[PDB]
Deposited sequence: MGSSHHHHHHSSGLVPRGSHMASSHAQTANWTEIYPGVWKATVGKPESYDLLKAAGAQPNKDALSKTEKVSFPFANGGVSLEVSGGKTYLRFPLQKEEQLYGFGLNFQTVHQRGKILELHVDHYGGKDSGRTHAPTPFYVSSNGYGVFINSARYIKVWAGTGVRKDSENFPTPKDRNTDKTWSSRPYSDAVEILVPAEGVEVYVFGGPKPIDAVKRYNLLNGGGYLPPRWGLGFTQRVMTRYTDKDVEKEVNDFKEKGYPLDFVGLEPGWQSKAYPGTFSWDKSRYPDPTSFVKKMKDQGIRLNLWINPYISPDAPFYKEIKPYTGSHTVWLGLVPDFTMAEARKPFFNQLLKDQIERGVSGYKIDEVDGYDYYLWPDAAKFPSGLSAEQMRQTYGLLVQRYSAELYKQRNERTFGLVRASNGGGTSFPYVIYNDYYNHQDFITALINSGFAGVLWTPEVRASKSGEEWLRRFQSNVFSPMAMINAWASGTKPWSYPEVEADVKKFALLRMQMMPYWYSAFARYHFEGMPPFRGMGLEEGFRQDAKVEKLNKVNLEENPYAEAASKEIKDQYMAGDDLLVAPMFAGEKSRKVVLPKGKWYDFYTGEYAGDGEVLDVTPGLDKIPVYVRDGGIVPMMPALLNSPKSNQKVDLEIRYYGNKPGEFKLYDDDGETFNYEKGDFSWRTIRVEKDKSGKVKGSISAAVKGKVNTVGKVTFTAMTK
């Protein structure tokens, strides 16, 4: 080691920054244009520097930046991006490249966030848009304090093929790097500070938390109108419809212009849908057809290589952004289109541009690959913010720096177990992930997928190919409908969780904690432990943290710091509520409520510990909250001496939006 003396500047409470060597002029935070939530960070506890006892070794050598952070024997690690099959990361080796998930945890994935969290209550972010390699406690150094005694494999039964390693080591292919370290005291505190450095989560519109149906590629405007009428007639919720590539006059590559045959009058169509409460979310990939109206203008500002024969705009250049985003604005957003699904900004390598490609800005194709999703998210979101309108959409790649964007990750993979593991890991990765529903061999699988999906960032069927609707499997149709309605009833719960994401950096879906690895349970909001069932299973084990827990459906005591064997039936996803936990429920509305609408709330209170819930309220759709037009309404509930429920809600704040109607309290635990 020739560890270079790097000064750790405490830049916010519990956030330290170090500059090793000569960092590059482009990086993840710069690509994203991520601004820290200074106010939120200033309210966090000043905590001590996590690496109090030395062991940090950062240096530049041979054109690369070498990092080493110490580990203690007790420590487990989480993060290093959107893994699908692993949650404990100590002992893993990962190569953090943006790619479509390939079926194993190599580090190559949709959001290969270079951030990790320790069970000892700290985190570390490497701010590079390069491909980086991580050895998360596999290296064993001859000069280590903790060098294990060499053993003779010939004779010693305790010989180990993976001897004890006492450090995270990272190699960055650059002449320097910025490193951020986040204090605790708890693992979740580190994640929160990381997310706040990124600007906090996006505050979604309420409509983004409703149900979305993506329809078949072939659908015309009339086909969409019919589908909407079918949802209404069947009494299923719907807030936004996803149009797939058929809305464009050409796709792969794209014109970013409405097809004249299928959408002959886009202005009328979008308005008609909006009038029925239905927003539209449009599929794009960013790859340009010679028939796009801005093709000639943008061509010089595109890369050397194409993706499905489409030009690749260099979105680091104003000269590429202006034509591209102008077309979205004038042709779609100004007609009322609510947002986008940004597809195919991930991989595979055989589709996207090679790293040997060249871009007109001079940015490496590598850094472009690592940030392309960030860039499209960034500049598309800005179009909406400029109009004082929230958006909420989908994206197939993100990275560090992307916490604040109004996009949820999805993919073309489908293993349900792994979809839940990704949901867990999204909480460690500063991104949102939806385990989307598409098809299923069976009603049972359809319902199981639907159940976990309504306990996620976005409630969605993607029927681009399958043409399925929530009711397409008659055997589970009644229960699908109940869960679709439950998603709406729970809107005030999800909205308050997302508000915590924005204001405090609290991921709304996260792993347990926050000894053994748990890859199939997650916290959803602060109060709910979700333990999905998978098709073919009649029962599962649920590991409950210490403290009492209550059945979400019945309110009955479930357990306390123990393992349950649960046989929920097909009609229930196992969900448990913390003692004193509160779930505010609005009515089973088919459409998200408007800013000028009051909604009655039933406060479902579980257990016997006095409960406290902070209900977020604002207009649900603009950026007026940035000017202070929002409120947190404190709800408190307990049972009195008689065992009867007693509840309060703090008074509405003068001058602020108030969508809270009549409030009733229900003690779920009899």
{"property": "Deposited-sequence stretches lacking C-alpha coordinates, listed in sequence order", "result": "1 to 23, 538 to 564"}
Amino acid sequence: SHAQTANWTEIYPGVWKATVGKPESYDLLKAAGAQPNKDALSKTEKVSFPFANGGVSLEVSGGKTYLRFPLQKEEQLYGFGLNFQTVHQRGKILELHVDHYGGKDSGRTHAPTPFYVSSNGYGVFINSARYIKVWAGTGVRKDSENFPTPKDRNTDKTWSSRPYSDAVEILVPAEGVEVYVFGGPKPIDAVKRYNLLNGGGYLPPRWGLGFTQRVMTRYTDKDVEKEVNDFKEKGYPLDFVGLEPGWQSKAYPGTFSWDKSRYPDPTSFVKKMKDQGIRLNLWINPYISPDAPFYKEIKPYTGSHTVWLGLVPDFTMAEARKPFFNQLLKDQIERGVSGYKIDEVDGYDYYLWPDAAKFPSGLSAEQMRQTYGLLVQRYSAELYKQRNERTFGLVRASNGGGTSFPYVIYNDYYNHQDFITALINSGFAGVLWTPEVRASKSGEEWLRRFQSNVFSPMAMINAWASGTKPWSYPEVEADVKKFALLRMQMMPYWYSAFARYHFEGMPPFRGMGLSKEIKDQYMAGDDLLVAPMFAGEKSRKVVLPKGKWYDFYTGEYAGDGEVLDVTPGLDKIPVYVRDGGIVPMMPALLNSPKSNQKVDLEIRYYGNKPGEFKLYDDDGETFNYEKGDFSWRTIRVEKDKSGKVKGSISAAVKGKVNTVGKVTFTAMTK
From here on, numbers count along this sequence of modelled residues.
{"item": "Mean temperature factor over C-alpha atoms, higher-scoring stretch between 185 to 193 and 455 to 463", "value": "185 to 193"}
{"item": "Higher-B stretch (mean Cα B-factor, as the entry records it), 133 to 141 or 553 to 561", "value": "553 to 561"}
{"item": "Candidate set 512, 167, 111, 238 [ranked by C-alpha B-factor, highest]", "value": "512"}
{"item": "Most elevated Cα B-factor in the entry, residues 118, 595, 434, 521", "value": "595"}
{"item": "Third of chain Cα B-factors occupied by residue 528", "value": "lowest"}
{"item": "Relative C-alpha B-factor of residue 321, binned into the chain's lowest, middle or highest third", "value": "middle"}
{"item": "Position of residue 445 among the chain's modelled residues by C-alpha B-factor, lowest, middle or highest third", "value": "middle"}
{"item": "Assigned third (lowest, middle, highest) for the C-alpha B factor of residue 430", "value": "lowest"}
{"item": "Cα B factor band for residue 270 (lowest, middle or highest third within the chain)", "value": "highest"}
